[PDB]
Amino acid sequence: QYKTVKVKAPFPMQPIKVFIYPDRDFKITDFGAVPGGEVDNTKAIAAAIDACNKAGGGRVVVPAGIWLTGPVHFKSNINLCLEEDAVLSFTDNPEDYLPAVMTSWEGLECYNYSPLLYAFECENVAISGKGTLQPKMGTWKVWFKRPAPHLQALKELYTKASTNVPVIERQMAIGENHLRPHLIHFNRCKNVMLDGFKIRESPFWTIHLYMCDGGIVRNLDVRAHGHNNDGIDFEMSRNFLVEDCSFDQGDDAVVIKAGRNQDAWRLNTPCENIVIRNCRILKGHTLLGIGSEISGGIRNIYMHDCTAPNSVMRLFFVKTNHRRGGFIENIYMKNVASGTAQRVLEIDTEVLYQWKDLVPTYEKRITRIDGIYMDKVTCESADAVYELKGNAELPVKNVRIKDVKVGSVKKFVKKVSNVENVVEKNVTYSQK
C-alpha cells in the first residue's frame, strides 16, 4: 500500500510512491538494547530489524536516551524511527565496521568499511522521527589527513576502476588505507523516505543516495563541519523530491553526481528527475552543485523557492573536467533569494586539483553541456554575477539568465568564454 505525491516541474515527473508502513513497533530494548552510550547495541538493533522484516515490516524504534552502536544494516520494509530526544551514537572503532561491504567512494565502486547506516538492494526503507544521528569523530578526524599509505590506496582504487577490474577485487579496508565510511549510504534501493530527524557531524559523505529509484527527503536539520560533508549527495539516482530541509555545512548544500570517468561509463546510469523546493542553506560554499563527478550523465534537475541568507562562494555551480565525458542537460534554478555571494552562477569545465597529479588521464573525453537556466534570482552583494568557462573543443550551449537583480557588484558583471546561445533577459545591477 502506497500514497503518491505530485510534483510540478518543467519536465515530465511521475508522482512519487510513499510506503504506508504496517502498524507494528519493534522496540530495540525488547532485543537487549541498553542506553547511556557505553553498551554496544549493534546486535540488538540487528535482531529488531530481522524480526520486523520477518513479520512483513513496520517500525524499528529507538526511544529517548543515548544509544551506542556500530553499523546498522537495513532489510526491506523497515522504518528506523528516532523518537524525540533519542540519540544514535556511532562508535569510531574501525573494526566495528568490518567486514567490508559493496559501496562507492568518491565516484568509484569498491568494498570498504560499512557505512554507518547501510541499505543494499532493499525496497521501502526509511529513517524518521525527531531524534538525532550523532557519530563519534575522534578516529575519523585523524583519517582527514592524506599520508603516503592513504594516497597509495586512492591510486590502487582508481587504477582498478579505470581498467575494469571486478568490484570484488577492490578490497579497500586493509592496513592503513583509511577510506572513511559514509553516514547514510543507500545503494540500489527503491522507495526511500527520510523525514524529520537531526544530523550532527559525519565521518565522510553525510547522505549518499546511490543508484536509487523513487523517494522523498524532508524536514531534515543537517549540521556537519568536517571534511567532505555536503548536505545531500545524489549519485546515479532518479525520481526524488527534497523539501523543507535546513543545511549547515563545511562544503555544499545539495549536490548532484554520476561517478568518476570509466567506472561510471561502465555503469551507464544517469542522475535524473530530482526536484528540490523550500530549502535553506545557513552555512556552506554552494547552494546547488553539479559535479565534478558527472560521468554517467546528469539530466532534468529543478531547484525552486529556496534561500541562502548569509554568505556563499557560488550560488549555482556546474563543474567537470577533461577526463569525465558524459553530459549535463536541463538544469533549472528559479525563485531564489541570496545575501552575499562571490558568483551567482559559475560554469567551470576544468576543475581538477587533488586528483591532478596523483593519477594519470586514461582518456580525454569532453563533457557535453546543454541547457542551464536561472530565472528570478536576487542577490544583495556579489563579486560577479556570472562566470562561464567552456572548452573550445566542445562549447557549452543554451544558458539563460533571466529576471536576475544584484544590489551591488564588487568586481565585474560577467565573463564568458566558449559558450554558444547565451541569453540574458532583464538583468539589473549596480556597481562602483
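Sequential numbering from 1, following the sequence displayed.
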**Item:** Average Cα temperature factor in the PDB entry - higher stretch of 365-373, 390-398
**Value:** 390-398
**Request:** Look up the CA B-factors in the entry and say which stretch, 162-170 or 72-80, has the higher mean.
**Result:** 162-170
**Complete:** Looking only at 257, 185, 227, 200, the Cα with the top B-factor belongs to 227
**Request:** Tell me, please, which of 283, 208, 277, 323 has the highest C-alpha B factor according to the deposited entry?
**Result:** 283
**Request:** Tell me, lowest, middle or highest third: where does the Cα B factor of residue 49 rank within its chain?
**Result:** lowest
**Asked** Against its chain's modelled residues, does residue 250's Cα B factor rank lowest, middle or highest third?
**Response** highest
**Modelled-residue ranking by C-alpha temperature factor, third containing residue 112** = lowest
**Asked** Among the chain's modelled residues, which third holds the C-alpha B-factor of residue 156?
**Response** highest
**Request:** Divide the modelled residues of the chain into thirds by Cα B-factor and specify which third, lowest, middle or highest, holds residue 55.
**Result:** highest
